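A.B. asks: Kindly return the folded structure for what I paste below:
(4 chains)
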Amino acid sequence: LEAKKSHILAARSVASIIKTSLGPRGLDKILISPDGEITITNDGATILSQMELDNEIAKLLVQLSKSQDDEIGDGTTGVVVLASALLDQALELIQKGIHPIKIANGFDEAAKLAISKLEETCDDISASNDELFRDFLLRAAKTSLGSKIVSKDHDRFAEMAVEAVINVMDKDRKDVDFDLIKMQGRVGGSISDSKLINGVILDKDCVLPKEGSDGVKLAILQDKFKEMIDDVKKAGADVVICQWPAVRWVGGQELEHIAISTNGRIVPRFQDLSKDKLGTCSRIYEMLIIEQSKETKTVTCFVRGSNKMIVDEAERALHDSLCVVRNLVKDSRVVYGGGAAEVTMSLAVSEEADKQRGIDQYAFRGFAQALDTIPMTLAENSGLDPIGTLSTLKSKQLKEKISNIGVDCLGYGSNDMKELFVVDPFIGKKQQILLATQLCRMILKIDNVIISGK
Amino acid sequence: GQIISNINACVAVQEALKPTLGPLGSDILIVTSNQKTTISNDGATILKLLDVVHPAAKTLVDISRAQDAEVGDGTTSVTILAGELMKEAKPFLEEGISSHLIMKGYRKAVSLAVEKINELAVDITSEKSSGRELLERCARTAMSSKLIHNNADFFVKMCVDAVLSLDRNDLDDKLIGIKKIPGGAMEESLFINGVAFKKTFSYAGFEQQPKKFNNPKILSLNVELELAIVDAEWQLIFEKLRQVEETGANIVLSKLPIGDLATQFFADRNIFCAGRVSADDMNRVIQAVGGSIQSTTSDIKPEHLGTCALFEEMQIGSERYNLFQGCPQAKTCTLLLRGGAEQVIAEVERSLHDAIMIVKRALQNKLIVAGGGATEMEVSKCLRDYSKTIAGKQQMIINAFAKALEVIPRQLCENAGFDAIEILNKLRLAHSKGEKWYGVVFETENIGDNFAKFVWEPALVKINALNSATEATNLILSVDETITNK
Amino acid sequence: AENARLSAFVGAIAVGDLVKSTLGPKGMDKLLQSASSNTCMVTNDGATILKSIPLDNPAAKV
Amino acid sequence: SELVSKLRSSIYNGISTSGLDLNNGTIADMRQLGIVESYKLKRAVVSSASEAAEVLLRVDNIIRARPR
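C.D. replies: Numbering: from 1, shown residues only, chains lettered A, B, ... in the order given. I have put the structure below:
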């Protein structure tokens, strides 16, 4: 028991590093890369993943946040805080003489009660028309996803990214495409210079459209130079990209987005050039801008910025919105978080403890206390007293039937999340609670750490 | 004297596994030079990555590696017995008692122990529990005796249905291999009736791949397809593609990857192809679809092309894998693990592979006895009465082995937080005036009958446990000196 | 936490006391002497001074 | 002390043309002394110093990763 006691104290020190980064208001910390480069970003998943500690207990939390980054990507701080809160309560219950599995069995039973309670609070945003539905997707990134400064009004470059996944996904409200949705950055100008077009813009190297063809006749591929032109004149292609108009030193993977959007193919050798691979591109003009006015699922957001971290942090916020919008479109269950569901689910578990009593009463209390650590952490990050914040939320949810009252970090006034348009994925909060408890059961099973000889 | 110094170094082996005994046991964390995190209860993976100093530590490793063939599970309650026999034998080795009397007396105790274990094992057959019952009701807690406590209820309604398709006298362990799929849930795992493998490589037509086949045909080809010289290299590859179409194969498995010429020819005709096929996956198809591997196009013939019921393209975890269903000959059911944590996938990987060993020995003989460490208590109770009249000094020798089996109930109380003395007093009356079958119950936290508890364990585990601990403990006593050069 | 805010804020204070007066003819200067190559620079602005002096303070990167 | 106190009291009466003369060590008119700077130079140094300093304002702790 003495070995795991130092591991819990070491795990709490890791949670205290990102403790100030929890929530959209959460403040980051300066991280120094081993190569000497400084990394400043407000994303909690980026700093925690790049940070490497000594003790193996901290490395176990890295693998937990590694799956959260590839799935959720935003708000991964609450995963470690909830996991550390279960270990903080383990210093008491385990010391009382109760086996960890007996405490772990109460967490899995209380998790099903939280999921069932969270399902009753789901609000379907697809019940309205397409005008209000597409407006909620843009307003979803207006508040919850906003973190860094200057994001106060981000809708200039955000609406281009929000409407990007809307045109790709069908109106049946079920689609997933991870292939054709990517972010392409550029160093220069300002963030306000971004544009929304259908195509891809590369860093390597105009003609009027025709009648029958869609224009520019895009074909993806001194005597020998003119001989290949005669083969192009057979298909009449105005612009041809020659890998092995002409280009110099272009990559094969970079030309994949052009062949898929234009329904073209890669030509291994000039002898294999044929008309069946001729594509359609609306306009090509100069850095050439490739645009397509037809129906396609290929959309790339061209982003500019004065620094690398400005473009990188902006893309990670917009790229993680793909899983957010998919949970707001493909998933019909939408819940309001940010202190609303966290405190609501904690009150349902607290009432279950007094019903069963026995050894599960203290076990269910630890799960409800673990969920109460998120609003107490957001209270300190917002400058509010943790005791006074939770006392106000619980008083209103018991007297009033509205479950959308939650913590106000940025001073939005009224605490109703429905009026503030603060939305969190339903599957997001489900995976964060289960995978956190999944690791906490393995932490309590740690006996002796074996390390290979140096 | 030299053996005592060797035992003390080997005592810490099972003392690190001390809490791991029982379903309440803990796990051991191991970090190698590659920073590969391995968390598992099974000591086989623990002893494999454990740094050894004295050669006696390798003795327990060789028995643990051979434990998979003899039993395969319950390694926490077996290997620990090898160190306990030598722990209480220290006062006897210091006296004039030779280690030969300990080794000779051990075989006399095991000969009496196995005789009682076979007596405890009872086969009724007749109208009592049959297939789909013994593998479910009695195997509920028998399959996983250590881990998967919360998810046990999920696998009883799932994993039991997968091993039901395995007929007796076959017992093929090549087709039970699993895969690692990131993301998902444990109880949501889909059952697979055919060969399924990862793509491992991304295609430009990945989204354009054919969804399903009505009558697919799988063909394995090792021919490498890659591109006056330009016309010659392009024509030779084109002629090889036409000879494959003559066989009418909708699925072509290539060992080496293919270029764009072979991909475009197969895409226009809606012919499926998969590259980077491992050699282990090819033998899995031979035992399922029944095809053959052709090195070149000289000997390829239409009768070498196999077929299966239907083909389906499954998308799970934001990645698509090949799925075969309705193979002509399938002796098992392929299972695909899920979940976002890599340690959990490897945690249940060792547990599910240990559960098939019970189905293997159950089909040969169906037998169950009282579990929960109550097997050694009844055997130790009988050895106390017999050893008094057996060959002089062997009374105190067997009684030492009788008290050595008492470590099992002491370990079950250590994790549960019970008293080691309180359980011995209650079992002593339960294994004497209470006949036999009364065991220990962890749920109600008292002593009860394992017959009404529904928890049983195969007696074949305890039979090979003494045999695995026979040459392990005898080798320690038979070696009086250890020499290490340089 | 105590020395975290201290060493970070004094990064520009230690070598910046001489360049505070840079505006005006009365500005103090700073001398940078290289260990070899027989090179050096004299200026009252911290631009060249900061870029040519390596510092282990993480706040110096900003 | 005395020089800044006189300059703070000069602008308190509504005179924005005063200043600090380093040659004579007294309060003198900056327009007649010849000290003039552009407004773009003022906005550049004031706005950048407040925004760039926000890095160390919100970050109270710095953790460096060990060299790989």
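A.B. asks: in the stretch 301-450 of chain B, which spans are strands?
C.D. replies: B:310-316, B:319-325, B:334-335, B:369-370, B:438-441, B:446-449 (DSSP state E, counting those that start in this stretch).
A.B. asks: Those into TSV, with extra columns for distance to chain A and mean neighbour count?
C.D. replies: Heads up, the C-betas are built off the backbone N, CA and C, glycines and all. Shown next, in TSV, are the strands of the stretch 301-450 of chain B (distance: least, CB to the nearest CB, whole Å; neighbours: other CB atoms under 10 Å in any protein chain shown):
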stretch	distance to chain A	mean neighbour count
strand B:310-316	8	15
strand B:319-325	9	20
strand B:334-335	20	22
strand B:369-370	23	24
strand B:438-441	15	24
strand B:446-449	15	15
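A.B. asks: Is it possible to get TSV of those strands that adds distance to residue A:248?
C.D. replies: TSV is the format used below for the strands of the stretch 301-450 of chain B (distance: least, CB to CB, whole Å):
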stretch	distance to residue A:248
strand B:310-316	39
strand B:319-325	35
strand B:334-335	50
strand B:369-370	78
strand B:438-441	79
strand B:446-449	82
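A.B. asks: want to throw these into TSV with distance to chain C?
C.D. replies: TSV is the format used below for the strands of the stretch 301-450 of chain B (distance: least, CB to the nearest CB, whole Å):
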stretch	distance to chain C
strand B:310-316	43
strand B:319-325	39
strand B:334-335	50
strand B:369-370	59
strand B:438-441	51
strand B:446-449	52
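A.B. asks: May I have the phi/psi pair for residue 30?
C.D. replies: If you meant another chain, say so; for now it's chain A. Phi and psi for residue A:30, reported as degrees, to the nearest 10, are phi -70, psi 130.
A.B. asks: actually chain D
C.D. replies: phi -70, psi -30.
A.B. asks: For it, which non-adjacent residue is closest in space?
C.D. replies: residue D:19 (3.7 Å; CB to CB, 6 or more residues apart in numbering or on different chains).
A.B. asks: Same question for residue B:16.
C.D. replies: Counting by CB to CB, 6+ apart, the residue nearest residue B:16 is residue A:448, at 5.2 Å.
A.B. asks: Helix, strand, or coil at that neighbour?
C.D. replies: Of the three states, residue A:448 takes strand according to DSSP: H, G, I helix; E, B strand; the rest coil.
A.B. asks: Would you enumerate the residues in contact with residue A:342?
C.D. replies: For residue A:342, the contact set (CB atoms under 8 Å, 6 or more residues apart in numbering or on different chains) comprises A:371, A:372, A:374, A:375, A:406.
A.B. asks: Closest one to chain C out of the residues you listed, please.
C.D. replies: The nearest member of these to chain C, counting by CB to the nearest CB, is residue A:374 at 22.8 Å.
A.B. asks: Number of residues surrounding the closest one?
C.D. replies: 23 (other CB atoms under 10 Å in any protein chain shown).
A.B. asks: For it, which non-adjacent residue is spatially closest?
C.D. replies: In space, residue A:374 is closest to residue A:342, 4.9 Å off (CB to CB, 6+ apart).
A.B. asks: Point me to the helix or strand that includes that neighbour.
C.D. replies: For residue A:342, the host element (DSSP states H and E) is helix A:340-356.
A.B. asks: Give the buried residues for that helix.
C.D. replies: A:340-350, A:352-353 (16 or more other CB atoms under 10 Å in any protein chain shown).
A.B. asks: follow-up on the earlier one: the residue nearest to residue D:30 is in contact with residue D:32, isn't it?
C.D. replies: No - Residue D:19 is not in contact with residue D:32 according to CB atoms under 8 Å; the separation is 9.9 Å.
A.B. asks: Counting neighbours around each, name which of those two comes out higher.
C.D. replies: Between residue D:19 and residue D:32, counted using other CB under 10 Å, residue D:19 has the larger neighbour count: 17 against 9.
A.B. asks: In terms of helices and strands, where is the closest residue to residue B:208 other than its chain neighbours?
C.D. replies: Leaving out its chain neighbours, the residue that sits closest to residue B:208 by CB to CB, 6+ apart is residue B:267, at 6.9 Å. Element membership for residue B:267, per DSSP H and E: helix B:260-268.
A.B. asks: quick one: contacts of that helix?
C.D. replies: Taking CB under 8 Å, 6+ apart as the rule, helix B:260-268 contacts A:265-266, A:268, A:272, B:203-205, B:208, B:225, B:227, B:234, B:237-238, B:241, B:252, B:271-273.
A.B. asks: So which bits of that helix are buried?
C.D. replies: B:260, B:261, B:262, B:263, B:264, B:265, B:266, B:267.
A.B. asks: and the residue nearest to residue B:372 when sequence neighbours are not counted, bridged to which residues?
C.D. replies: Leaving aside its chain neighbours, residue B:372 sits nearest to residue B:439 (4.6 Å; criterion: CB to CB, 6+ apart). On the basis of DSSP bridges, residue B:439 is bridged to residue B:448.
A.B. asks: Report the contact partners of residue B:439.
C.D. replies: B:370, B:371, B:372, B:373, B:374, B:447, B:448, B:449, B:450, B:453, B:455.
A.B. asks: Nearest residue to the fifth one in space, please, no chain neighbours.
C.D. replies: It stands for residue B:374. residue B:439 (3.8 Å).
A.B. asks: Please, which helix or strand holds residue A:140?
C.D. replies: helix A:130-143.
A.B. asks: List the buried residues in the helix or strand hosting residue B:69.
C.D. replies: Element membership of residue B:69, judged by DSSP H and E, is helix B:56-70. Buried positions in helix B:56-70, judged by neighbour count with 16+ other CB under 10 Å: B:56, B:57, B:59, B:60, B:61, B:63, B:64, B:67, B:70.
A.B. asks: Tell me the one of these nearest chain A?
C.D. replies: Closest to chain A out of these is residue B:57 (13.2 Å), distances taken as CB to the nearest CB.
A.B. asks: Test my guess that the closest one contacts residue B:11.
C.D. replies: No - assessed by CB under 8 Å, residue B:57 is found out of contact with residue B:11, at 11.1 Å.
A.B. asks: Can you tell me which of the buried residues of helix B:56-70 is closest to chain C?
C.D. replies: residue B:57 (45.9 Å).
A.B. asks: Might you report the residue contacts of the closest one?
C.D. replies: By CB under 8 Å, 6+ apart, the contact list for residue B:57 reads B:9, B:10, B:13, B:47, B:50.
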